[PDB]
Amino acid sequence: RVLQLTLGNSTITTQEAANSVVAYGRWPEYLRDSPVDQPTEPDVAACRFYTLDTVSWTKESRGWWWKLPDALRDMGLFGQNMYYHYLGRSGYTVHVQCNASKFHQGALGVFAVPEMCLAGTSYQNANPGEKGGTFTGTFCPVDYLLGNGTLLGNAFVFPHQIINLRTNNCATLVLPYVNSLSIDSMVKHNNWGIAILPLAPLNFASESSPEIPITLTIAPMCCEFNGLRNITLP
Amino acid sequence: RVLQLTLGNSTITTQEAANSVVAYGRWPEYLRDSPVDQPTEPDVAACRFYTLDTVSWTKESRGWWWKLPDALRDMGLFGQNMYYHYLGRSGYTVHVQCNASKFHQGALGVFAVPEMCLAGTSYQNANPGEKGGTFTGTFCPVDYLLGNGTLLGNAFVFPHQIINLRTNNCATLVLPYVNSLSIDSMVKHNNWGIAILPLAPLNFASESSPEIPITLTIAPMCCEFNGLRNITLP
Amino acid sequence: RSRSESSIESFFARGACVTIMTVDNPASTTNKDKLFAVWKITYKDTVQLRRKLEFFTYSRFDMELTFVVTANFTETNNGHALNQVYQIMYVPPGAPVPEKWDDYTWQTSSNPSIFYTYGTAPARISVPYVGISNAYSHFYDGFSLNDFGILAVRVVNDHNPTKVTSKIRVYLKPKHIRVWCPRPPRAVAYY
Amino acid sequence: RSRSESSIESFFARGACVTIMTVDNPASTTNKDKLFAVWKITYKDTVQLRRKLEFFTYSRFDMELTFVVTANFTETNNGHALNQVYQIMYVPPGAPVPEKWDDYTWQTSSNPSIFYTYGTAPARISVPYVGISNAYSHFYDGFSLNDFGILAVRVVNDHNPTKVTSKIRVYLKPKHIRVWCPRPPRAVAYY
Amino acid sequence: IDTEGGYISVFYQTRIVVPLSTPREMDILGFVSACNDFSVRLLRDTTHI
């Protein structure tokens, strides 16, 4: 069975979004009552599954990472909205599938990390746009650290899902908007940050594709923006 | 008394739109029933009063003219819509005021002309964009002809209104969409064309502004576009 | 007083020769190309009709076409011949138009055809509105004029050894007309 | 939008000259065999019709046949003659076809006949479906193609001393058609 | 006749990964047809020789 999800001009097929995890079990929604609260609401075409360029997981692949909204600082509309607008706030459904054959043992951890400050500093350095940033096992923040001198084994606190190949081959984190504010400048501040690390090292059979692809399908949800609308009076 | 008309981010003050004329007494509206008819409906921000650069009417001014939609081939949004879209159709309220002092005798005729083929040939030649095109009294199509070797005196057939200065100083034509089709390529085909000619020659008192300004405030109404939306099926 | 005589129809509806197609009997001797004559139906030649139409911007109209044929021998010689018969081909818009005398197009099933035998009741057919759009236009303010097909005529009797020229007046007469957006009329002069 | 213009009829139903029978006046002088001309009605010559038919495997159709006749003297001589009259014989399937000019077959009562006097309204008849089976076939996968009769034409005025050749176009036009088992169409090329 | 109509492209989104010696040469077939809304008008045969 395969569900075919649609968001206007975009469509994604999904085996079974049974293993969907909403971070902190909070579904993303708009700003509740708590016009005057300037909720410019363009939930039309900026809410379509976008697809980042796939990375090629290999034997010695350390890991990948993308900041959000950053990633979509170009995905057409949404990327636009993050300029004609000063303020905004979107949740996001991140949908990571990585099709592989039944002969590829391996396992990835997808970690959504609120305010993912990757340590070891210059805007561009920490914003790899749409191609994401990679880790290293010794610029590239240390993998088993996630920049921040932490022991990997604890990552699992952060909304996470494990793509153990000999089972599900997809994963879907659902991040809701999270921040110390109620709305904010979507451009200069990346609420989330998705890191994908290989837990079990990718291994396969003799003559088989030695580099399985993994795609990210980030769809901004219930997004909104500030206001330019002023007011007049007679 | 002055009415203050609003269309989102734009606002126009108008003395009294009492002398408003709808061409052929047909108000512009959308495509009636006569989704399947692919009526992509973005009647949001493309429907705001735009304002063309004012022309300076003088003694020896012959006349001016603008093709529509052409004119708005740049007025932000609407101009955009005429590219991301293949098909479209908009009416328009054209609102021509020309503030002058009580000491300026003069009179203009505003003529809306469906399919205004200005004769004497190269796209750019017949599409002066937003600054409009001017006439001449002998490139510049002959004024008392409107290109087409016609006698001026008959213009009045075409939806028209006369700005006789010693009376109303504004004029508002309301064109509805007109064409041999039901929808069309807004870009390569100018449904209307507004020509403003001075009937009574502009004259004034000794030391007074010798060049009264006339502004055009074209607001596209009930506009719509073709479709990119395809369809899938299991 | 009444308006009747000036309604749209009463105005437009009027037989008007719009052209004279001329062909020559396929005299195997020296007939060069007069073998067949072909005309693309367009008002743009008859000032008269043309003018009345440009009084508006748009219009629809089932056009009816009558045919009057007239022959005569070119040589005062003992010109004998058997009653000839003309073929009248209507070529609907966007269809190939004959080139040769015996181009396959005459045979081609699409084209409605007429075999008028000389000296008889004038031939007649009536193509309905054939605009691809919703009305023929008379003016345009865009880039890449409409079609109404082509007439094609050719004699069918073949090896006649006596040249027999023939004119064919076409009398087009707009029927069921309807117009839109009147415009000032052009001075008689420019045409 | 509507489908009408592409229904089976609207598609097939179209006058198409399928051949030109040519005969000569029985000029007792030297006329050899052009005395009469005979054609076995078969689509298999008009690529056009042929093709549209092979789009299917089976079909039934009352065929209507019009006749257009055209004469002219062969000699520029003072060619005189009285309005000739042609005989048009329809020979239903499995019937003997004329051989001589004056073979008994012209007289034979079975054969429906037409006497068209030159220079008049084109002759016309319409044989109904005449398949011995339940539909004409277009393809066969067995052993020992169908018939639709024969046309036969001969001039009737006899001792004319002026040779008068005449073509007779036949304009067959399928009517009340019905088809079965559509098949991919053959490339224009092979015919 | 001749000039628009649109296009349809197919992009490798991800490489076509496979298990064992299975060949790295798949193939794809393409179909086309009309839907109920399709219709035609003004017949015009051209076939000749």
# chains A, B, ... in the order shown; residues from 1 in each chain; ligands from 1
$ interface_residues --of "chain B" --to "chain E" --cutoff "12 Å" --atoms "only C-alpha atoms" --output "list in words"
residues 36, 37, 86, 227, 228, 230 and 231 of chain B
$ interface_residues --of "chain E" --to "chain D" --cutoff "8 Å" --atoms "only C-alpha atoms" --output "ChimeraX atom specification"
/E:37-43,45-49
$ residues_around --residues "residue 106 (chain C)" --least-positions-apart "4" --cutoff "9 Å" --atoms "only C-alpha atoms" --output "compact mmCIF listing (two decimals) with N, CA and C atoms, in the first residue's frame"
# COMPACT_ATOMS: atom_id res chain seq x y z
N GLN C 87 -16.15 22.63 -61.55
CA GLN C 87 -16.01 22.16 -60.18
C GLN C 87 -15.69 23.42 -59.37
N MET C 89 -14.69 24.11 -55.54
CA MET C 89 -14.26 23.56 -54.27
C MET C 89 -14.20 24.65 -53.17
N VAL C 97 -4.65 23.98 -50.06
CA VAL C 97 -5.31 24.57 -51.22
C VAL C 97 -4.71 23.96 -52.49
N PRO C 98 -5.49 23.57 -53.53
CA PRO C 98 -4.91 23.02 -54.75
C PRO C 98 -3.82 23.87 -55.37
N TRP C 101 -3.38 21.50 -61.67
CA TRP C 101 -4.74 21.49 -62.16
C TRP C 101 -5.39 20.24 -61.58
N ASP C 102 -4.59 19.17 -61.57
CA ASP C 102 -4.96 17.85 -61.13
C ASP C 102 -4.26 17.47 -59.83
N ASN C 111 -12.88 18.64 -48.38
CA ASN C 111 -13.40 19.76 -49.15
C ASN C 111 -14.78 19.51 -49.73
N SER C 113 -17.72 20.11 -52.22
CA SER C 113 -17.52 20.45 -53.60
C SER C 113 -18.86 20.62 -54.35
N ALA C 152 -12.01 27.31 -55.11
CA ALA C 152 -11.13 26.78 -56.14
C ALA C 152 -12.03 26.30 -57.27
$ closest_atom_pairs --of "chain B" --to "chain C" --cutoff "8 Å" --atoms "only C-alpha atoms" --output "tab-separated table"
residue	atom	partner	partner_atom	distance
B:114	CA	C:181	CA	7.3
B:115	CA	C:141	CA	5.2
B:116	CA	C:141	CA	6.2
B:117	CA	C:141	CA	5.3
B:123	CA	C:143	CA	7.7
B:148	CA	C:186	CA	7.4
B:149	CA	C:186	CA	6.2
B:150	CA	C:186	CA	5.1
B:151	CA	C:187	CA	7.8
B:154	CA	C:184	CA	5.4
B:155	CA	C:184	CA	6.3
B:157	CA	C:183	CA	6.3
B:158	CA	C:183	CA	6.5
B:180	CA	C:135	CA	5.2
B:181	CA	C:134	CA	5.5
B:182	CA	C:134	CA	7.7
B:188	CA	C:142	CA	5.1
B:189	CA	C:142	CA	3.6
B:190	CA	C:141	CA	5.2
B:191	CA	C:141	CA	6.8
$ residues_around --residues "residue 111 (chain A)" --least-positions-apart "6" --cutoff "6 Å" --atoms "only C-alpha atoms" --output "number ranges by chain"
A: 159-160, 194-195
$ write_last_selection --atoms "N, CA and C atoms" --output "PDB file, in the first residue's frame"
ATOM      1  N   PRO A 159      13.731  15.153  19.217  1.00  0.00           N
ATOM      2  CA  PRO A 159      12.814  14.418  18.326  1.00  0.00           C
ATOM      3  C   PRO A 159      13.572  13.620  17.253  1.00  0.00           C
ATOM      4  N   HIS A 160      13.481  12.282  17.323  1.00  0.00           N
ATOM      5  CA  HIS A 160      14.316  11.517  16.410  1.00  0.00           C
ATOM      6  C   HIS A 160      13.614  10.278  15.891  1.00  0.00           C
ATOM      7  N   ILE A 194      18.029  19.698  11.012  1.00  0.00           N
ATOM      8  CA  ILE A 194      17.901  18.263  10.868  1.00  0.00           C
ATOM      9  C   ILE A 194      19.277  17.667  10.622  1.00  0.00           C
ATOM     10  N   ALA A 195      19.679  16.727  11.477  1.00  0.00           N
ATOM     11  CA  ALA A 195      20.946  16.047  11.264  1.00  0.00           C
ATOM     12  C   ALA A 195      20.665  14.562  11.047  1.00  0.00           C
TER      13      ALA A 195
END
